[PDB]
Amino acid sequence: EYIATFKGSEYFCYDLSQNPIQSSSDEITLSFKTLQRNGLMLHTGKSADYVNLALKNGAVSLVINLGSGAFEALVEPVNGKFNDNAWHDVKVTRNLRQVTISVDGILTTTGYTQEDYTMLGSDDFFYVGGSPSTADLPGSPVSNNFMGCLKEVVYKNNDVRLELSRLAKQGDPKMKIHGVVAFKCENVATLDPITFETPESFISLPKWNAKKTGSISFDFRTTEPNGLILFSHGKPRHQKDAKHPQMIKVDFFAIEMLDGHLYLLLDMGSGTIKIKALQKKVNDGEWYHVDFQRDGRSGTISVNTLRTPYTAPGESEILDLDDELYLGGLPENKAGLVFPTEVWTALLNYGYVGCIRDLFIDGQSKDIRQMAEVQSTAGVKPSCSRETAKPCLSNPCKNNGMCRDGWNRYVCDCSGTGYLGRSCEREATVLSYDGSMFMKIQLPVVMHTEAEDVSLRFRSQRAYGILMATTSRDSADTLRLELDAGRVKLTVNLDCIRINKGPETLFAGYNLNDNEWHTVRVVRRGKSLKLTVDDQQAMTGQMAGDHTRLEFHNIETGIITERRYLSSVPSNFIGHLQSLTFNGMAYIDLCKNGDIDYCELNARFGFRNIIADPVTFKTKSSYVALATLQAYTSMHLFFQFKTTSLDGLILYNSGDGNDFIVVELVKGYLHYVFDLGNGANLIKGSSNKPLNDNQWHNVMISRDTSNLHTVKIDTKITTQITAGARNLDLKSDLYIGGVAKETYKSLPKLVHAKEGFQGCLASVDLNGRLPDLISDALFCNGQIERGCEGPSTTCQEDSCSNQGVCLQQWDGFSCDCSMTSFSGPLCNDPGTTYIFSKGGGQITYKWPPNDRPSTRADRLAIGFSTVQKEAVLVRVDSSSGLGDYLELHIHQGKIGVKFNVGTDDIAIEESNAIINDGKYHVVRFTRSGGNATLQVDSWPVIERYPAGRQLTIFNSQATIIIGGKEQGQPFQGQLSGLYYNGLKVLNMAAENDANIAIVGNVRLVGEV
Ligand SMILES: *[C@@H]1O[C@H](CO)[C@@H](O[C@@H]2O[C@H](CO)[C@@H](O)[C@H](O)[C@H]2NC(C)=O)[C@H](O)[C@H]1NC(C)=O
């Protein structure tokens, strides 16, 4: 008996080229044992002549071509199945073009080979149990090597009797046993199926060694609408993109789910191909069989049997994958890994979750419940179960998060809620923006995408302003969300090439400037845009020009800082944001918690009511004039004021004819007066009290395209509707906070004002533009002063407190403490003090070899107390081989300094002042080349001007040594607040600066 266990990845191989089979008669016998539904038992020959016998989804297939039109048979499972693990028999006989296939010896089928050929000629190879590629050999219906046991295999023809089961065992120099081996039976088989529990979970796979041809099959099961199943790329091509030379192009293929839809992706070196693998959505939570067969340019993709044609563009046949292939998602931060833009799910971090079994690569079963399964993958499990409890009953999403019933898990969509995290349990961080702050995520490498999900929540009082924006250093491409006249406006600009579009936009929402929070969600899939504010109905648009790919280097909020190529941009935001989410990154939170280091900003975290760049008008009569209001089609004004005065003109701008617009305070109440060609109207803003109670008020005044005017004061809307009128430009400059003295005597009809505004304006928004009231003024009158808090503090005789130097800044004075021996903002706190006690000590600063200073002017100050008569406090030496040094010492109870910059030594000594005394003294030394000066405490400055040839550079400074041990005169007392050319040497030492060594008896003091 000749029985042999076919391991799966093993097969027999006979060489017929020394004695060709070619025959008119012939006959084929064997018994088979298999659990599996497909597998090649055997095959011989190439082109037009072959004979091919194998199990095809549970039935015995047989193909014969004698040279001109095959005979195909597929004998059926009558009473039970063939994949039963029991023995079954095959007899195949053939007389000329006549074929009979017998099963177990009684399930016959008869037919003919086509046309007139009768000669089966094959001089290549005779395969048993599998092959180098099964989906290739001619007439194959399967693509699978055999798993299980084969018995008593024989091909008798009229001439020779190739008895293959026997010749393989007894050993023949014409029989090649390619891979594995195994020669008994009663040996069983099967391989486990697998569950990928989490998105991020993935299995790493052995290189698909494709080429011209390759095939793949596996089974899947899930209720997850989106996810990346299989993916693999080649090596980076020298053939660049025209538009994106920055974008790494590679050969590849992927299989992917996207909204329950199955998808195949191939790129072989010229253009991609996307294929709906099946019409119906496949996230049925039902098993599906997936064959993928490819042959150079063409191939088919098969779902439960239903095959779909493809041909990839261009003439590239080879699909050149190299190295690792991936199943169920991608790793994070594998360098070398390149995500091609065409593959949506890779770039949206939708790793697959669900079940996968029975994997075959080029015909060969790879078992997975081992793969990197027993090889330490996290979030993958042995068997595959479907938890009948619907997990969103678990009731798991907090705070009105939306719950999605997943695979074996629920998912939360926290986007609209102010929370994040698996269960919306984490409060989401708020960034707050006052019109001159930004928060900019600089991606660590450059993104290229064809598809996004972006959401964010904002609130603002302003009808305009940027929400979020992606930007490139290399072009003006951008995906951007912004407030535009109260609506949210999505803009998707993709830029040029071809020449010898416009922007594409959506709008959603109205009046979102109410200072309540709104959620905005953008989905892009290629040319499709979908935008949607809050719960309202989604607004959709198809983009038109056939570019889809978007390059970005940053995601920007607040200010658009990267705008090299735009001479103009949406205006800076003022309000708050929260829950920025961009292909699932929560950048605001990541940034705040420091989970990412590439986030850069000057927004402030946490919410606060904003007053944005407040400006003071000191006297009524002070006013500025700005360039003309630009209310084209609609108008949205906003500002805040704070005043103690009952009446003044606040905003005036006039037009052609009787046209004008005014905003004024009258007897405490706010009045918006205007005439747009139908005569003057007054609308009184609504409040019970006078508004000059020295608090900030918000004022918001707007005319829309229906001519509905609205005046809002703090929380109170007043609306009125006025006459339909060709809306016309204004003409005069735009005056704020008064007008020229002479003008009030002739302002329009119902304008009360005879005097300007006194008080503060802030957050001034003129129909989309945030002027800097002081800086953008065209001219000015009287005093407009920055801030809302009177003037900056200015320097006084007594301002700094230890001979600190008082310097003026724009926001009040500072004290330069450098030459005092002190610290703190008024030079009044003790400088960093070290106590040098008995037996000596030493703090050394050592410059790193290349930052060795070489100066023409030095200055050094330090504070000290000591009883000593002889001591070296501090010394600075040049590096090994040069003369130059500077040394502050106490010789004969008197403080002094000695230095050499390449000529003579120069001494300078405070001769008269007691300093070894026990009391605190400070000494300040300066030097300019040859000349130097010395001063202690309050003693007149001592100046030294050498005559003759002085060199001037203290060359290559290498160490500052404090303490005296080197120069053998240890210091003993207290050294405090030493400053040398910019270095605060003791602050440095008290902070473990790596270039500081401390040795010996020397202690850092406490503070108060
Ligand atoms: C060292 O000190 C002297 C003395 O004041 C400086 O020499 C004078 O420089 C001034 C301009 O500041 C000239 O008008 C004089 O002609 C110079 N007088 C002398 C005595 O030469 C000198 O420049 C200082 N040198 C350095 C390098 O700081």
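As documented in the archive entry, the model was determined using X-ray crystallography at 2.9500 Å resolution.

Engineer: In this structure, what is going on with the overall build of the chain? I would like to understand it.
Structural biologist: For the chain, the count of helices and strands is 4 helices and 75 strands. The C-alpha radius of gyration of the chain comes to 43 Å, more than 25% above the 30 Å expected for a compact globule of 1008 residues. Its C-alpha atoms give the chain principal-axis dimensions of roughly 130 × 95 × 60 Å.

Engineer: Please clarify how the state of the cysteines should be interpreted in this entry.
Structural biologist: Two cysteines, two sulfur atoms, one covalent bond between them: this is a disulfide. Under the counting rule described, the total for this entry stands at 10 disulfides. Covalent S-S linkage joins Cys-392 and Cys-403, the inter-sulfur distance amounting to 2.1 Å. Between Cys-392 and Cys-403 the disulfide shows an S-S torsion of about -80°. By sign, it is left-handed. One end of the pair, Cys-392, is in the loop between β29 (380-381) and β30 (402-405); the other, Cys-403, is in strand β30, with 11 residues separating them in the sequence. A relative accessible area of 33% places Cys-403 in the partly exposed class. The disulfide partner of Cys-591 is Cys-599, and the S-S distance across this bridge is 2.2 Å. Its S-S torsion of about -55° marks the bond between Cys-591 and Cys-599 as left-handed, since a negative value means left-handed. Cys-599 shares its class with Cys-591; the two are buried.

Engineer: Before we go on, may I ask you to explain the UniProt feature "binding site: Ca(2+) 2" in the chain in this structure?
Structural biologist: The positions that UniProt labels "binding site: Ca(2+) 2" are, in the present scheme, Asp-477, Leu-494 and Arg-549. Note that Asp-477 resides in the loop between β37 (465-471) and β38 (478-484). Apart from the residues lying within four places of it in its own chain, the contact partners of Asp-477 are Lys-243, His-244, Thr-470, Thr-471, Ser-472, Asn-493, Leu-494, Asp-495, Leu-550 and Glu-551. Among the structural elements, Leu-494 can be located in the loop between β39 (487-493) and β40 (504-508). Looking at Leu-494, the relative accessible area reads 10%, which means it is buried.

Engineer: Please explain the sheet that holds strand β35 (residues 439-449) as it appears in this structure.
Structural biologist: Across a sheet, paired strands are connected by hydrogen bonds in the backbone, their directions being either parallel or antiparallel. Judged by pairing direction, the sheet is antiparallel, and its 7 strands sit side by side in the order β40-β39-β38-β37-β44-β35-β46 without closing on themselves. Bordering the open sheet on either side are β40 and β46 (599-601), each of which pairs with just one other strand. Taking each pair of neighbouring strands and ignoring which way they run, the sheet shows an average axis angle of 20°. Sheet topology places β37 next to strand β44 (residues 550-557); 3 bridges connect them, and they run antiparallel.

Engineer: Can you help me understand the nonpolar core in this one?
Structural biologist: Side chains that are nonpolar tend, in soluble globular proteins, to be buried together. Membership of the largest hydrophobic core comes to 44 residues, with the highest contact counts inside it found for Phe-458, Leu-481 and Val-488. When neighbours within four sequence positions are excluded, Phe-458 is seen to be in contact with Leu-467, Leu-483, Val-488, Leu-512, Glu-516, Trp-517, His-518, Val-520, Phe-573, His-576 and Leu-577.

Engineer: Can you walk me through the pattern of salt bridges in this structure?
Structural biologist: Any two side chains of opposite charge can pair, on the condition that their charged atoms come close. Counted by the stated rule, this structure contains 33 salt bridges. Notably, a salt bridge pairs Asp-26 with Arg-94, separated by 2.5 Å at the nearest N-O pair. Of this pair, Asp-26 sits in strand β4 (residues 25-33) while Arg-94 sits in strand β9 (residues 88-95), placing them 68 residues apart in sequence. Residue classification places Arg-94 among the buried positions, given a relative accessible area of 5%.

Engineer: Whenever I open this one, the packing of aromatic side chains confuses me. Can you help?
Structural biologist: Scanning all chains against the criterion turns up 27 aromatic pairs. Their ring planes at 65° and their centres at 6.2 Å tell us that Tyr-652 and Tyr-735 sit as a pair that is edge-to-face. In this pair, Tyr-652 sits in strand β51 (residues 648-654) while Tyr-735 sits in strand β58 (residues 734-736), placing the two residues 83 residues apart along the sequence. On the basis of relative accessibility, which here comes to 13%, the residue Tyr-652 falls in the buried class. Measuring from centroid to centroid gives 5.2 Å for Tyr-845 and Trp-847, while their planes differ by 85°, and the two rings are edge-to-face. Under the relative-accessibility criterion, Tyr-845 is labelled buried at 7%. Through a chain of ring-to-ring contacts, the aromatic side chains of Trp-208, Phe-253, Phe-292 and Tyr-310 assemble into a single cluster. When the ring centre of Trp-344 is taken as origin, the NZ or CZ atom of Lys-274, which lies over that ring, is 3.6 Å away.

Engineer: What am I meant to see in the UniProt feature "binding site: Ca(2+) 3" in the chain here?
Structural biologist: Taken from the UniProt record, the annotation "binding site: Ca(2+) 3" applies to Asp-884, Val-901, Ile-953 and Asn-955. In summary, the annotated positions, though distributed over 72 residues, converge in three dimensions, the widest C-alpha pair being only 8.5 Å. Looking at the element boundaries, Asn-955 is found in the loop between β72 (942-944) and β73 (957-962). With relative accessibility at 32%, the residue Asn-955 sits in the partly exposed group. When near neighbours in sequence (up to four residues on either side) are disregarded, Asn-955 contacts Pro-853, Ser-854, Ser-878, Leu-882, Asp-884 and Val-901.

Engineer: Can you help me understand the site of the ligand in this one?
Structural biologist: Around the ligand, the surrounding shell consists of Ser-928, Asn-931 and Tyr-945. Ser-928 places a polar side-chain atom, nitrogen or oxygen, 2.7 Å from an oxygen atom of the ligand. A distance of 2.4 Å separates an oxygen atom of the ligand from a polar atom in the side chain of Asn-931.

Engineer: I'm lost on the sheet that holds strand β52 (residues 660-666) in this one. Help?
Structural biologist: The 7 strands lie next to each other as β54-β53-β52-β51-β58-β49-β60, forming an open sheet whose pairing is antiparallel. The open sheet has two edge strands, β54 (681-684) and β60 (779-781), and neither has a second partner. On average, each strand axis in the sheet is inclined to that of its neighbour by 15°, with strand direction left out of account. Sheet analysis places β51 next to β52, joined by 6 bridges and oriented antiparallel. Counted as the bridge partner of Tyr-652 is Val-662 from β52.

Engineer: In this structure, what is going on with the pairing of strand β45 (residues 574-582)? I would like to understand it.
Structural biologist: Put simply, side chains in a regular strand alternate between the two faces of the sheet. In terms of residue burial, β45 counts as a mostly covered element, since 8 of its 9 residues are buried. Taken together, the 5 bridges between strand β34 (residues 430-434) and β45 define a ladder with antiparallel strand orientation. In the sheet register, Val-430 faces β45, and the bridge partner there is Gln-578. Sheet analysis places strand β36 (residues 451-459) next to β45, joined by 5 bridges and oriented antiparallel.

Engineer: I'm lost on the side chain of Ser-102 in this one. Help?
Structural biologist: Here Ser-102 shows up in strand β10 (residues 98-103). Relative accessible area serves as the criterion here: at 12%, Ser-102 is assigned to the buried category. When neighbours within four sequence positions are excluded, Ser-102 is seen to be in contact with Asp-89, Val-90, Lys-91 and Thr-108.

Scoring rules and cut-offs
- Residue labels here follow a simple count from 1 along each chain's written sequence instead of the entry's numbering, which may differ, and residues missing coordinates are not shown.
- Water and hydrogen atoms were dropped before computing side-chain values, which therefore reflect all heavy atoms in the structure.
- Residues with missing side-chain atoms are left out of burial classes, side-chain pairs and their counts.
- Every helix listed is a DSSP run of H or I at least four residues long, and every strand listed is a run of E at least two residues long, numbered separately from the N terminus.
- Each radius of gyration is computed over the set of C-alpha atoms, and the globule rule expresses the reference value as 2.2 Å times the number of residues to the power 0.38.
- Note on terminology: disulfide denotes any pair of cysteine sulfur atoms within 2.5 Å.
- Categorising residues by exposure relies on relative accessible area from a 1.4 Å probe, with only protein chains included: less than 20% of the type maximum marks a residue as buried, more than 50% marks it as exposed, and the intermediate range marks it as partly exposed.
- UniProt positions are given in the numbering used here, feature names are shortened, and annotations may be inferred rather than shown by experiment.
- Contacts between residues were defined by any pair of non-hydrogen atoms, one from each residue, lying within 4.5 Å.
- Paired strands, as defined in this entry, are two strands with at least two bridges between them according to DSSP.
- Only the stretch in contact is used when fitting a helix axis, every axis being a line fitted to C-alpha atoms; angles between N-to-C directions are given from 0 to 180 degrees.
- In this text, buried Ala, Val, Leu, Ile, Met, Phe, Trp, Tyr and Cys residues form a nonpolar core when linked through side-chain atoms within 4.5 Å.
- Within this document, salt bridges are pairs made up of a side-chain nitrogen of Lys or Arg and a carboxyl oxygen of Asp or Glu, the two lying within 4 Å of each other.
- Put simply, two rings from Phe, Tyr or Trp (the six-membered ring, in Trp's case) pair if the centres are within 6.5 Å, and we call them stacked under 30 degrees between planes, edge-to-face over 60, tilted for the rest.
- Both a distance and an angle decide whether a charge sits over a ring: NZ of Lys or CZ of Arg must be within 6 Å of the ring centre and within 35 degrees of the ring normal.
- If even one non-hydrogen atom of a residue comes within 4 Å of a molecule or strand, that residue is called near it.
- Polar contact criterion, stated in full: a pair of N or O atoms within 3.5 Å, where within protein one must be able to donate a hydrogen and the other to accept it, and residues adjacent in sequence count only if both atoms are side-chain atoms.

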